[PDB]
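K.L.:
Attaching a single structure in structure tokens format; questions to follow.
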Amino acid sequence: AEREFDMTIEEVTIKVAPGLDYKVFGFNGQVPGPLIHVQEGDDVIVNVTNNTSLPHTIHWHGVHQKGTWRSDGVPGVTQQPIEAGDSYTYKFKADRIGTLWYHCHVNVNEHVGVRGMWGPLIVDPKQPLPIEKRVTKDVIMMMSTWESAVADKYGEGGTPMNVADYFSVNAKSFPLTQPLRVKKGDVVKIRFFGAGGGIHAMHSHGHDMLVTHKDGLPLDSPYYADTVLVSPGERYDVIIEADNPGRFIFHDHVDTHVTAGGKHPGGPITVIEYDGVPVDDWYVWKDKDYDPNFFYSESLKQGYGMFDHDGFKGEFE
Amino acid sequence: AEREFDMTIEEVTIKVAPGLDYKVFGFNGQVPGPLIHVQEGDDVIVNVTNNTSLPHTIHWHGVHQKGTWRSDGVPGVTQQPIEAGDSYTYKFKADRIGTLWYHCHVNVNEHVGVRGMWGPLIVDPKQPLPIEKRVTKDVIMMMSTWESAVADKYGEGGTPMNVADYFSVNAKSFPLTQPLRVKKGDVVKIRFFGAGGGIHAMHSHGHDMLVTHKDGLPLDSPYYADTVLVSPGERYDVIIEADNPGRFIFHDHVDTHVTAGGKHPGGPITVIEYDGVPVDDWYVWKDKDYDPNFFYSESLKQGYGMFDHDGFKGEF
Amino acid sequence: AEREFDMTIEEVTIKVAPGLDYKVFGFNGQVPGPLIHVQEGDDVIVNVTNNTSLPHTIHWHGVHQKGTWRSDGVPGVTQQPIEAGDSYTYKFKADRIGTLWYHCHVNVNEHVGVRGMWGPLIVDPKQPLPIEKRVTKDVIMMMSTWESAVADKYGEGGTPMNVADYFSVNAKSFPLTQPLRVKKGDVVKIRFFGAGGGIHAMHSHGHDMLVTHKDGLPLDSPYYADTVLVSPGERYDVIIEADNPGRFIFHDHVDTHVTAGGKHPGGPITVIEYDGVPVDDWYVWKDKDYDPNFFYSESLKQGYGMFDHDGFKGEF
Ligand SMILES: [Cl-]
Ligand SMILES: [Cu+2]
Ligand SMILES: [Cu+2]
Ligand SMILES: [Cu+2]
Ligand SMILES: [Cu+2]
Ligand SMILES: [Cu+2]
Ligand SMILES: [Cu+2]
Ligand SMILES: [Cu+2]
Ligand SMILES: [Cu+2]
Ligand SMILES: [Cu+2]
Ligand SMILES: [Cu+2]
Ligand SMILES: [Cu+2]
Ligand SMILES: [Cu+2]
């Protein structure tokens, strides 16, 4: 099918952590950018308008651009940049399946490293693995890092000289992240993305993960892990069988990453919360103001298309 | 079987490197903490007494806690922490096999990053791989990093603003590590652990490694490597066929990791020393004061239980 | 067959990036060092002369040194170092196949980290994989990092306290790298090496890579990837089918690595350029002074032995 989307690039401010507000260039004014969910073989058209003060592009990471290299999104290689106020249209066939993503390809150390210019692109295979058919909950986790010294200043950041002192999943740092709520018998697909410049060792308490896909393509030899290393650019898809009720933390095991501005706890932490487990008064997330779509799991059920999410939206000036 | 162990947490000082003594929170007053070795299916009970000034927990990494999530050891999530002076009992069924480990889950960036709050938990499958059948020597290597500026003061450390300037295997930096002594024909199982916050590229000279397990679970498709990347949390099990007599160094290949306080050589370095090879006058470890249990290989032959090692104890 | 050659170690200066000249210890005065290409089973003899002011060795990474451990190149473990002005002969059998490499093993944090003391050692297997038989272009990519503060300062560098602020493939930072020129239907073997102290996430636009070898040995279960993480000491071999004409950049996806001295773009970046794709006036490499052997692809076609490359030579 032909699927056409209109995307903008906006200057907004997002709250990454308690006391850390961050200026970003959000696709449709949010970080992570909108979920794009299409079927293998769809023809995709994306009309992009740059409502910011600086040039950008969009690169479609994992998309082969078969006969369509001029839509690859690389400035000075496949196009000139999309200047401030201008528009540009990308066209590609989604013939590469799996967990893909998209991100700016201008000034990437800064724009992708700390300005949140990225989002997920899910291409459903016409022939999914048998296990994929058992899945009852699909979860996106996009990890990145932040340099507080340049939070308020576009044009700086993302160099070896800077210090990454805050860490996140889907642009929030614990406790501002959200739990992953399941019930016994759920079959959970988690898609990990190394969206930023850091390496993240994602560990699930209480469960092993069956690693089934690397960069969106199914492994001939899947393997179990309790800790999956995710590095910039990569994706891993795993399956968790939710057959062990409890409250089980799920987090980046890199020790300095579970900090926020030098304080702990913080960083890419969630909790696998099973519905049947009674809540203790001392539980850190008792009475959490809950977002069921923090990992795009509700959007991923809503059919093909492009989905914004207000829990990811930042504030305009 | 039901296996019941008593553990303490103690404030002790350990020698990590020449030039670097470090204040740690040692399980049973040692770093690495004691080896816990049990069989698939055993019911484990661990009574913990906190003889330190700060709160802690113990999380059993890789243990599913099937029906026992309140023993998972996560403060504010599965329990309130064990306060200074207090005690707490963990109970779980060891139904997950393989190379597991245990560590504090309070203030993890500091307590696991630089205060030595970790140790190995080995669960023997009732049914081991055929490959494991041939093994004649079992070896534990737990890698971690240290920040000299906070060595004497609990309550600081483990952040991106700190500088990790010393590196170790089993809490020693070369030359204070120990050789891995083997004889021709040995079949050596090595279990690597990313116990601290760094990444370690473990490279064996003279030999390829067969990578057989990831996070303690056997791979359907094992593969050979001469360099295995180990990151925080992870474990890799490999097999080395000791069929190539010589002196073969075995070390982290991350270049800045083979330093100590800015000086080379240092860091996670050992030597595979084969029996019978003549020792040259200039050999760095000629006349080494040798500890045959530096990699827990003696303890690992002693059956199920909790094993302290005096070579790992700190001072009060 | 017996393969004997002569290597020297020279103090020279290379250009890593616009504005960054770097003092290195180049094998045969070049960085990457010379390509050594032999067949499985060959007997290799390397006569080394140190024409620098400091001691070095050469370690043959991946080479088992079966019955020849005294040629392993490790100072204080397998030999005394090769002092300034002296010579040393290495002898070994190339019985381990695939993508191997060689590097100094003295002061490695500096000498390998920032002084360019490394090169590729390719051992052709008697029984290549079928896909290897289809290869039309063989490509070596050795990644490393540079600390501009010590560019002029032998004896300094490669510690946690230093700052790696330039990044390269084959000792050049974009735009001083070279394009990977292919034609439609080419079958491209690329060998990635973690030669320096950094981690590199190598991403190919427009194409998936089939990962076929880890540290030079063939995987029983190869797998596709669009991003391959390469860490110090490791090698990965991949295959790209060149079936999608265009201009497709190919680079380290670690965000800070595509900088040069804090400026962007720079670092380990190349472009897969297909023959016959029309060239826009804004294409960054439209006027490139092309070196067809920047990835040793020509040398790799010229027989068994040691190959220098004038494009990698430094200035005395
Ligand atoms: Cl439930
Ligand atoms: Cu941008
Ligand atoms: Cu990308
Ligand atoms: Cu890409
Ligand atoms: Cu944890
Ligand atoms: Cu603790
Ligand atoms: Cu853990
Ligand atoms: Cu855990
Ligand atoms: Cu070595
Ligand atoms: Cu040297
Ligand atoms: Cu090496
Ligand atoms: Cu080696
Ligand atoms: Cu790219």
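So the protein lines, in turn, are chains A, C and B. For the first sequence, PDB author numbering gives the first residue as 1002, with consecutive numbering after it. For the second sequence, PDB author numbering gives the first residue as 3002, with consecutive numbering after it. For the third sequence, PDB author numbering gives the first residue as 2002, with consecutive numbering after it. By construction, the Cβ of each residue, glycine as well, lies at the ideal position given by its N, Cα and C atoms.
1. Classify residue 1145 of chain A: buried if its beta carbon has 16 or more other beta carbons within 10 angstroms, exposed otherwise.
2. Enumerate, from N- to C-terminal direction, the unbroken beta strand (DSSP E) stretches of 3 or more residues contained entirely within the region 3075-3117 of chain C.
3. Inspect the CB distances between the region 3054-3066 of chain C and the region 3078-3086 of chain C and report whether three or more fall short of 8 Å.
4. Along chain C, in chain order, which residues have C-beta atoms closer than 8 Å to that of residue 994 of chain A?
5. At 4 residues or longer, and completely inside the region 3171-3204 of chain C: list those alpha helix (DSSP H) runs for me, N to C.
6. Restricting to Cα atoms, I'd like to know which of C:3255, C:3043, C:3192 is closest to residue 2232 of chain B.
7. Just to confirm, does residue 1057 of chain A get its C-beta within under 7 Å of one of the non-hydrogen atoms of ligand 2?
8. So which residues put a beta carbon under 6 Å from any heavy atom of ligand 5, going in chain order?
9. Tell me which residues of the region 1205-1220 of chain A have at least one Cβ-Cβ distance to chain C shorter than 8 Å, keeping chain order.
10. Does the beta carbon of residue 3062 of chain C fall short of 7 Å from some heavy atom of ligand 8?
11. Which whole runs of the beta strand (DSSP E) in the region 3256-3303 of chain C are 3 residues long or more, in chain order?
12. Let me check understanding here. Comparing Cα to Cα, which of A:1120, A:1127, A:1274, A:1280 lies closest to residue 1248 of chain A?
13. Considering Cα atoms alone, identify which of A:1040, A:1051, A:1007 is closest to residue 1026 of chain A.
14. Going by DSSP in three states, residue 1309 of chain A sits in which element: helix, strand or coil?
15. Within a Cβ cutoff of 7 Å, which residues of the same chain sit near residue 1017 of chain A, ignoring the five residues on either side of it in sequence?
16. Relative to the C-alpha of residue 1194 of chain A, which residue among A:1041, A:1113, A:1290 is closest?
17. Would a C-beta distance cut-off of 8 Å place residue 2119 of chain B and residue 2106 of chain B closer than the cut-off?
18. Show which residues of chain A have a CB atom less than 7 Å away from the CB atom of residue 2263 of chain B.
19. Pick out whichever of A:1299, A:1213, A:1179, A:1037 has its Cα sitting closest to the Cα of residue 1267 of chain A.
20. Please indicate yes or no: does the CB of residue 2038 of chain B lie closer than 7 Å to some heavy atom of ligand 10?
21. Answer yes or no: does any C-beta atom of chain B fall closer than 8 Å to that of residue 3032 of chain C?
22. Measuring alpha carbon to alpha carbon, tell me which of B:2071, B:2295, B:2006, B:2263 ends up nearest residue 2181 of chain B.
23. Hey, does residue 2258 of chain B have any beta-carbon neighbour from chain C nearer than 8 Å?
24. Is any heavy atom of ligand 1 found at a distance shorter than 7 Å from the C-beta of residue 1281 of chain A?
25. Which first and last residues belong to the alpha helix (DSSP H) in which residue 2132 of chain B is found?
26. Have a look at residue 2238 of chain B and residue 3093 of chain C and give me their C-alpha separation to the nearest angstrom.
27. Does DSSP classify residue 3232 of chain C as helix, strand or coil?
28. Given residue 1211 of chain A, which residues of its chain have a CB within under 7 Å of its CB, disregarding the five upstream and five downstream residues?
29. Kindly indicate which three-state DSSP category residue 3145 of chain C falls into: helix, strand or coil?
30. Spell out the partners DSSP gives residue 1062 of chain A in its beta bridges.
31. Less than 7 Å separating the Cβ of residue 1120 of chain A from some heavy atom of ligand 3?
32. From B:2154, B:2131, B:2142, B:2197, pick the residue whose C-alpha is nearest to that of residue 2219 of chain B; which is it?
33. Quick check: residue 1177 of chain A and residue 1019 of chain A, are their CB atoms within less than 8 Å of each other?
34. Listed in chain order, which residues of the region 2145-2157 of chain B have Cβ atoms closer than 8 Å to some Cβ of chain A?
35. Name the two residues that bound the continuous beta strand (DSSP E) containing residue 3072 of chain C.
P.N.:
Let's see:
1. Translated into positions along the first sequence, residue 1145 of chain A becomes position 144. The residue in question, residue 1145 of chain A, is buried, as its Cβ has 16 or more Cβ neighbours within 10 Å.
2. 3088-3094, 3099-3104
3. yes
4. What the structure shows of chain A is the stretch from 1002 to 1318, and residue 994 of chain A is not part of that stretch, so it cannot be assessed.
5. none
6. Walking along the third sequence from the start, residue 2232 of chain B turns up at place 231. Among C:3255, C:3043, C:3192, the Cα nearest to that of residue 2232 of chain B belongs to C:3255.
7. Residue numbering aside, residue 1057 of chain A sits at position 56 when the first sequence is read from its first letter. At least one heavy atom of ligand 2 is nearer than 7 Å to the Cβ of residue 1057 of chain A, so yes.
8. A:1204, A:1206, A:1250, A:1252, C:3060, C:3106
9. 1206, 1207, 1208, 1209
10. The count along the second sequence starts at 1 and reaches residue 3062 of chain C at position 61. Yes, ligand 8 has a heavy atom inside 7 Å of this Cβ.
11. 3270-3275
12. Here residue 1248 of chain A is taken as the residue at index 247 of the first sequence, counted from 1. Of the candidates A:1120, A:1127, A:1274, A:1280, the one whose C-alpha sits nearest the C-alpha of residue 1248 of chain A is A:1274.
13. Mapped onto the first sequence, residue 1026 of chain A falls at position 25. Comparing Cα positions, the closest option is A:1051.
14. Residue mapping note: residue 1309 of chain A aligns to position 308 of the first sequence, counting from 1. Residue 1309 of chain A: coil per DSSP, three-state reduction.
15. Reading the first sequence from its first residue, position 16 is the one you call residue 1017 of chain A. So the list reads 1023, 1147, 1167, 1169, 1172, 1173, 1174, once near-sequence residues are dropped.
16. The count along the first sequence starts at 1 and reaches residue 1194 of chain A at position 193. Comparing Cα positions, the closest option is A:1113.
17. Residue mapping note: residue 2119 of chain B aligns to position 118 of the third sequence, counting from 1. Residue mapping note: residue 2106 of chain B aligns to position 105 of the third sequence, counting from 1. Not closer than 8 Å, so no.
18. Working through the third sequence from its first residue, we reach residue 2263 of chain B at position 262. In chain order: 1160, 1162.
19. Residue mapping note: residue 1267 of chain A aligns to position 266 of the first sequence, counting from 1. Here the closest residue by C-alpha is A:1179.
20. Taking the first residue of the third sequence as position 1, residue 2038 of chain B is located at position 37. Not under cutoff, so the answer is no.
21. Within the second sequence, the letter at position 31 stands for residue 3032 of chain C. Answer no: the Cβ-Cβ gap between residue 3032 of chain C and chain B never drops below 8 Å.
22. On the third sequence, position 180 is the one that residue 2181 of chain B refers to. Per the Cα distances, B:2295.
23. Here residue 2258 of chain B refers to the residue found at position 257 of the third sequence. Cβ-Cβ to chain C under 8 Å: no for residue 2258 of chain B.
24. Walking along the first sequence from the start, residue 1281 of chain A turns up at place 280. Residue 1281 of chain A: no, Cβ never under 7 Å from ligand 1.
25. As a first step, residue 2132 of chain B is located in the third sequence; it is residue number 131 there, counting from the start. Segment 2131-2134, the alpha helix (DSSP H) holding residue 2132 of chain B.
26. For the purposes of this step, residue 2238 of chain B is taken as the residue at position 237 of the third sequence. For the purposes of this step, residue 3093 of chain C is taken as the residue at position 92 of the second sequence. In a straight line, the C-alpha of residue 2238 of chain B is about 44 Å away from that of residue 3093 of chain C.
27. Taking the first residue of the second sequence as 1, we reach residue 3232 of chain C at position 231. Coil, per DSSP.
28. By one-based count along the first sequence, residue 1211 of chain A stands at place 210. Cβ within range, chain order: 1223, 1225, 1239, 1240.
29. Within the second sequence, residue 3145 of chain C is the residue found at index 144, counting from 1. Strand.
30. Taking the first residue of the first sequence as position 1, residue 1062 of chain A is located at position 61. Note: residue 1062 of chain A sits in a beta bridge opposite A:1102.
31. As a working note, residue 1120 of chain A is residue 119 in the first sequence. Residue 1120 of chain A Cβ: outside cutoff for every heavy atom of ligand 3.
32. Within the third sequence, numbered from 1, the residue matching residue 2219 of chain B stands at position 218. Comparing Cα positions, the closest option is B:2131.
33. Position 176 of the first sequence, counted from the start, is the residue given in the question as residue 1177 of chain A. Position 18 of the first sequence, counted from the start, is the residue given in the question as residue 1019 of chain A. Their beta carbons are under 8 Å apart, which means residue 1177 of chain A touches residue 1019 of chain A by this criterion.
34. none
35. Counted from its first residue, the second sequence places residue 3072 of chain C at position 71. Per DSSP, residue 3072 of chain C belongs to no beta strand (DSSP E) and is neither H nor E.
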